[PDB]
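**Student:** Please find one structure pasted underneath; my questions will follow.
Note that each Cβ is placed from the backbone with ideal geometry, even for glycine, and that neighbours are counted across all protein chains shown. Just so you know, all these numbers are worked out from the coordinates, no wet-lab data involved.
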């Protein structure tokens, strides 16, 4: 909690107001199909 | 001092609401009218004199 | 920082929370003005 993040800052430059607590931090999602793998079994219950 | 249930006992009613600079914004209907409404009043008063 | 003074953590989340009851609450309570009262502002008598 004593680190304090930062970023490109979504607001603006202007700054004719009463908010200076930037404290911006971003969340980065990434995606991949990857072709993971396997593992089949047999339903022990009533066959099928 | 522990009060009852598991929420803040304060429900808020809004008119038009949203965020901008990431600052909270809301308003009633009246806001838009204030501008010409004084004009009305004014010209009124002027003509009264 | 670490400053577990109770009225300091609390008054420093209100004081942090009224810098916004500023920019906005300034306009808001004033509509309650152009209406429930005179539409003239800032000069008396």
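**Student:** Might you check whether a residue that is within 30 Å of residue A:25 (Cβ to Cβ) and either outside any strand (DSSP E or B) or more than 13 Å from every other protein chain (Cβ to nearest Cβ) (or both) occurs anywhere in the stretch B:23-43?
**Tutor:** Yes - at least one qualifying residue is present in the stretch B:23-43.
**Student:** Considering A:7, A:15, which residue is under 30 Å from residue C:16 (Cβ atoms) and without any contact (Cβ under 8 Å) to a residue 12 or more places away in the chain?
**Tutor:** None of the other options fit; the residue is A:15.
**Student:** May I pose another question? Quick check on this structure: which one of A:4, A:40, A:25 is over 20 Å from residue B:25 (Cβ atoms) and surrounded by 10 or more Cβ atoms within 10 Å (Cβ to Cβ)?
**Tutor:** Testing whether each residue is over 20 Å from residue B:25 (Cβ atoms) and surrounded by 10 or more Cβ atoms within 10 Å (Cβ to Cβ) leaves just A:25.
**Student:** Is the stretch C:27-41 home to any residue that is outside any helix (DSSP H, G or I), under 18 Å from residue B:28 (Cα atoms) and touching a strand residue (DSSP E or B) at 6+ places or on another chain (Cβ under 8 Å)?
**Tutor:** No, there is no match, as no residue in the stretch C:27-41 is outside any helix (DSSP H, G or I), under 18 Å from residue B:28 (Cα atoms) and touching a strand residue (DSSP E or B) at 6+ places or on another chain (Cβ under 8 Å).
**Student:** Any residue at all in the stretch B:5-21 that's within 12 Å of another protein chain (Cβ to nearest Cβ) and closer than 15 Å to residue C:33 by Cα?
**Tutor:** No, the stretch B:5-21 has no match at all.
**Student:** So which of A:24, A:42 is out of contact with any helix residue (DSSP H, G or I) (no Cβ under 6 Å at 6 or more places or on another chain), within 24 Å of residue C:17 (Cα to Cα) and more than 14 Å from chain C (Cβ to nearest Cβ)?
**Tutor:** Matching residue, one of A:24, A:42: A:24.
**Student:** I've got another one for you. Residues to consider are B:25, B:30, B:13; find the one that is exposed (fewer than 11 other Cβ atoms within 10 Å of the Cβ), free of Cβ contacts under 8 Å to residues at least 60 places away in the same chain and farther than 30 Å from residue C:6 by Cβ.
**Tutor:** Result of the check over B:25, B:30, B:13: B:13.
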